[PDB]
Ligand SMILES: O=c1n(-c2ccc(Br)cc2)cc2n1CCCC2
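Only one chain is included here, represented as structure tokens and corresponding to the form deposited without the ligand.
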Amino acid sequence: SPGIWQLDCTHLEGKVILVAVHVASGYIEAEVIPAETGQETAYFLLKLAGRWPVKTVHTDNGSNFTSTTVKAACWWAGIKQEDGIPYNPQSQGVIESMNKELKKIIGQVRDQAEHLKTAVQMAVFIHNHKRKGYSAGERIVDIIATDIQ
């Protein structure tokens, strides 16, 4: 569980927001891309795995599961590439609610930047710092530290 991440792709302003969620904590990283490609997804995962100990990634769709480039990135970075089948139906709703939350935050900050990518990074910040009382950022560090110890 400490090493399990889930990919998620959502759309806004004719662009794609690619999100990685640390399942156990709700911590996220995200980027804006023109379109979801294996190339972009592969690069995103390479970045993620250099920053956090990513053991397993549940891909967001079958195209990214199939993509040889995504498979190669997962090979390179020592990531177990898995499907994203919601054998637990609650997964679906959690991701959906997260996308709605993220879009809400983006709306709340949208006039504070010209570019969508800037607003998205503001949303990442706000999401990860929000106390629910610990924040997702606090939870991921505690979970991983406990695992190391």
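For clarity, a rigid core is taken as the largest C-alpha set superposing within 1.5 Å between two forms. Residue numbers here begin at 1 and follow the sequence given.
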In 4 other deposited structures of this protein, rigid core aligned: more displaced of 88 to 96 and 116 to 124 by C-alpha RMS
88 to 96
Where residue 11 meets residue 12 in the shown sequence, the number of deposited residues left unmodelled
none
When the C-alpha temperature factors are averaged for each of 39 to 47 and 107 to 115, which stretch ends up with the higher value in the entry?
107 to 115
Out of 118 to 126 and 79 to 87, which one has CA B-factors that are higher on average in the deposited record?
79 to 87
Say you rank 26, 62, 34, 53 by Cα B-factor from the PDB entry; which sits at the top?
34
In this PDB entry, which of 57, 98, 70, 30 has the top CA B-factor?
98
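Although it is not shown, the form solved in complex with the ligand is what the next lines describe.
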Just superimpose the C-alphas near the binding site, carry the ligand over as positioned in the deposited bound form, and say whether the shown chain is open or blocked by the 2.4 Å backbone or C-beta rule (3+ atoms for blocked).
open
Classify residue 101 as contacting or not contacting the ligand in the deposited bound form by the rule of any non-hydrogen atom within 4.5 angstroms, answering yes or no.
yes
The ligand contact at residue 86 in the deposited bound form, heavy atom, 4.5 Å
no
Under the 4.5 Å heavy atom criterion, name the residues of 112 to 132 that approach the ligand in the deposited bound form, in sequence order.
127, 132
